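Colleague: Here is the sequence, then the experimental structure:
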Amino acid sequence: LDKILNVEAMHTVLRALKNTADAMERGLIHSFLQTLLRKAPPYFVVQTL
Amino acid sequence: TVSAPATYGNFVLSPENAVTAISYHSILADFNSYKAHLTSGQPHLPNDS
């Protein structure tokens, strides 16, 4: 009964690490999109120029 | 001169018990024995663990 918990703790650690790495990649994607949305003038501005 | 036992007994859990401990929070001693006795139809157990 104890080895089950000994393995379940290891699997919870692996899950909490893989999901955090993926959240990091998605946050990098999100931040690179946030950057463009701050450096991207609306259509009519660019067209008038 | 009494012949008293020299050592404590030990009561290991069955690998089948690990399942019903998790899903049902319950342990019926010698779960492997009741399956064979209900398969064989025999009503009596030689010992109750």
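Modeller: Received it, and whenever you're ready, just let me know what you need. Numbers count the residues shown, from 1 in each chain, chains lettered A, B, ... in the order given.
Colleague: which bits of chain B sit near chain A?
Modeller: B:13, B:17, B:18, B:21, B:22 (CB under 8 Å from any CB of the partner chain). The way it works is simple: take the backbone N, C-alpha and C, and place the C-beta from them, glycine included.
Colleague: Let me see the contact set for the residue nearest the centre of chain B.
Modeller: Nearest to the geometric centre of chain B sits residue B:30, at 2.6 Å (CA atoms, centre = their mean). Taking CB atoms under 8 Å, 6 or more residues apart in numbering or on different chains, we find residue B:30 in contact with B:14, B:45, B:49.
Colleague: one more time with 10 Å, if that's ok
Modeller: Shown in contact with residue B:30 (CB atoms under 10 Å, 6 or more residues apart in numbering or on different chains): B:14, B:16, B:17, B:36, B:37, B:45, B:47, B:48, B:49.
Colleague: If you rank the residues of chain B next to chain A by neighbours, which is first?
Modeller: residue B:17 (18 neighbours; other CB atoms under 10 Å in any protein chain shown).
Colleague: Just give the nearest non-adjacent residue to that one, would you?
Modeller: Setting aside the residues directly before and after it, residue B:17 is nearest to residue B:27 in space (CB to CB, 6 or more residues apart in numbering or on different chains), at 4.9 Å.
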